[PDB]
């Protein structure tokens, strides 16, 4: 009912239980991602040196993001609008909700909590290609319209949230929504009937999706630096791509999307 507020020193107090909850998400995820999270992500983990036994203070993460890519974490207490989401991202500020799930909601909850953001999303923010892409993504949305922003959310979904890699050493994960969750990691890596497609930006912009279902489609880069290609595009090029997508219309929804409310 209340997501925490930092004190006058920006410090947040977490109960030993909220620290035990973090520890348990951490220990179970470290196990889930050994040979599955991309190398780039593991490198980020090493730079971050996150606490395994308690929730880190935001400044303790930010100070590593700052030195690597110029990024910081940005505490948010309520849910923010799209405009503000892009504003923060274009300023290389990554919004971080200041709460952790209950034990009851440990395997899944819908609002991204502190574990989701810091474990799933922040390691790659130490990586220049990913951090630059995310900044570029936030710039893409500043002036974009309601419907253009819908297309960009979709690009976001398929890269930052649920992105995969097709590597010589096999399939890997870079999406934050996958890396922070045993359920998602196992499905993304192991489910044999899900479509896994090579990344194509027009394909992506045209793909319908629903958030509360098992994803029937994923898009695959070869390596995280591939995001440079999209990062390089001018905002005009991106809106051109959005318009093209609109002219062709969305792909037909996969049956589980059609089914979902």
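Positions refer to the first chain, counted from 1.
Of 40-48 and 57-65, the one with larger mean CA B-factor: Mean C-alpha B-factor is greater for 57-65.
Higher-scoring stretch by recorded Cα B factor average, 30-38 or 226-234: The deposited B-factors put 226-234 ahead on the C-alpha mean.
C-alpha B-factor winner, where the candidates are 166, 105, 117, 186: Going by the entry's C-alpha B-factors, 105 comes out highest.
Out of 173, 153, 125, 97, highest CA B-factor residue: Checking the PDB record, the top C-alpha B-factor among 173, 153, 125, 97 is at 97.
Residue 111, C-alpha B-factor rank within chain (lowest, middle or highest third): Highest third - that is where residue 111 ends up once the chain's C-alpha B-factors are sorted.
Ranked against its chain, the third holding the CA B-factor of residue 242: Middle third.
Modelled-residue ranking by C-alpha temperature factor, third containing residue 253: According to the entry, residue 253 has a C-alpha B-factor in the chain's lowest third.
Ranked against its chain, the third holding the CA B-factor of residue 135: Ranked within chain, residue 135 CA B lands in the middle tercile.
Chain-wide C-alpha B factor ranking for residue 145, given as lowest, middle or highest third: Top third by C-alpha B-factor.
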